[PDB]
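This report refers to the structure that appears directly beneath it.
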């Protein structure tokens, strides 16, 4: 599998993606169902169900019968913070002059590998 | 598991890391053994052996009895190119003003999520 540090960083990125996904789903279609999450992640339903229980254990999500998944106050803030980091990187790349599509693409995959000091540096760039 | 596009990007990053690792090992200790590769990757020996056969099939590596693993001309160039991309990102972050340690860290994890247009933009930055 791998070094503890790397697995822990990978777990963190998964958590962020899951809570951002849930918020985006509620915001776009009004609900976040397990089947829709699975389809939008590209994974089976069993693995989504598996991650949801981990999230509940971390007090990040609440599951309601016939209504799907929702975020808790802690989970919604976590999603807001991830989104914010992705935006800082995206805006930085836009200031650099990268096409809007590519800027948004790279920012999504890059953010999780950007240290805090680097993100600050990106933010710094006002121009 | 996931979307084809994502799995293919992940496979690519693994290939680069493996060939860079092999070149770095030969350069630092004169040889690249499976047990040392496994230990330095944080994975078991079975998975390294598994990836090595995939690399041989791609004509990227050659395995020699009692001598370990070596790269082919194609494999050595692939490693040189990965290293180069990591360097472009690292230098870019240094120009930005990020500490040497963090610059090298983020560049390693970032490069695989940086599109070509973005890398050019990074290179562009001369300052």
Check your understanding: Hey, among A:85, A:123, which residue is free of Cβ contacts under 8 Å to residues at least 60 places away in the same chain, in contact with a helix residue (DSSP H, G or I) (Cβ under 7 Å, 6 or more places away or on another chain), surrounded by fewer than 18 Cβ atoms within 10 Å (Cβ to Cβ) and within 14 Å of chain B (Cβ to nearest Cβ)?
Key -> A:123
Practice item. Specify the residue that is surrounded by the most Cβ atoms within 10 Å (Cβ to Cβ); the eligible residues are those in region A:22-47 that are assigned to a helix (DSSP H, G or I) and within 14 Å of another protein chain (Cβ to nearest Cβ). Key: A:37
Practice item. Read through the list (1) within 14 Å of chain A (Cβ to nearest Cβ); (2) out of contact with any helix residue (DSSP H, G or I) (no Cβ under 9 Å at 6 or more places or on another chain); (3) surrounded by 13 or more Cβ atoms within 10 Å (Cβ to Cβ), then give the number of the only condition that residue B:9 fails. Key: (2)
Review point. In region B:89-115, which residues are under 14 Å from residue A:96 (Cβ atoms) and more than 8 Å from chain A (Cβ to nearest Cβ)?
Key: B:89, B:92, B:95
Check your understanding: Within the bounds of region B:80-100, is there any residue that is within 22 Å of residue A:110 (Cα to Cα) and either touching a strand residue (DSSP E or B) at 6+ places or on another chain (Cβ under 8 Å) or in the same structural domain as residue B:33 (by CATH) (or both)?
Key -> no
**Study point:** Selected residue (only one of A:121, A:56, A:39 is out of contact with any strand residue (DSSP E or B) (no Cβ under 9 Å at 6 or more places or on another chain) and more than 23 Å from residue B:96 (Cβ to Cβ))
**Key:** A:39
Point to revise | Number of positions in region A:48-67 that are farther than 18 Å from residue B:1 by Cα and either surrounded by 16 or more Cβ atoms within 10 Å (Cβ to Cβ) or not assigned by CATH to the domain that holds residue A:11 (or both) | key: 3
Study note, to complete from the structure: For region B:57-79 the number of residues that are without any contact (Cβ under 8 Å) to a residue 24 or more places away in the chain and not in a loop (DSSP other than H, G, I, E, B) is 7
Practice item. Identify all residues within region B:94-105 that are surrounded by 15 or more Cβ atoms within 10 Å (Cβ to Cβ) and within 19 Å of the chain's Cα centre (by Cα); write none if there are none. Key: B:102, B:103, B:104, B:105
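Basis: the model, the stated rules and, where named, an outside source; none is laboratory data. Please note: Cβ atoms are built from the backbone with ideal geometry, for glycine as well, and neighbour counts cover all protein chains shown.
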